[PDB]
Amino acid sequence: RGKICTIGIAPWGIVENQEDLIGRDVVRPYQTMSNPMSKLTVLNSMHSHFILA
Amino acid sequence: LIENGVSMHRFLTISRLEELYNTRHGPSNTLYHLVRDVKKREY
């Protein structure tokens with residue numbers, strides 16, 4: 001029953017590729033390529049909902 | 001390769017799909033008879 005309805009309270013600056021998330025009502029793909037040296041932390045893709053505080 | 005991330009959208013750029021049909025480096029296809037038959041009917 002994989003409708004878990006998880007919500008991720010993450011800061012807008014702590015996430016990676018902030019320019020990838022620009023756009024109103026537009027679907028934006030995001031690769032799960034984890035950069036080991038980037039301070040911008042990768043997401044957990046298989047969370048279902050996200051809050052960008 | 002899609003699990004590591006290959007972006008299957010950006011893979012497809014016309015001529016790459018062109019070599020995908022003309023590749024004989026695999027199992028046999030009936031497509032050699034199909035394209036020949038439709039060229040005969042069109043011409």
# chains A, B, ... in the order shown; residues from 1 in each chain; ligands from 1
>>> interface_residues(of="chain A", to="chain B", cutoff="8 Å", atoms="only C-alpha atoms", output="MDAnalysis selection string")
chainID A and resid 31:33
>>> select_by_dssp(residues="chain A", states="strand (DSSP E or B)", output="number ranges by chain")
A: 7-10, 15, 41, 49-52
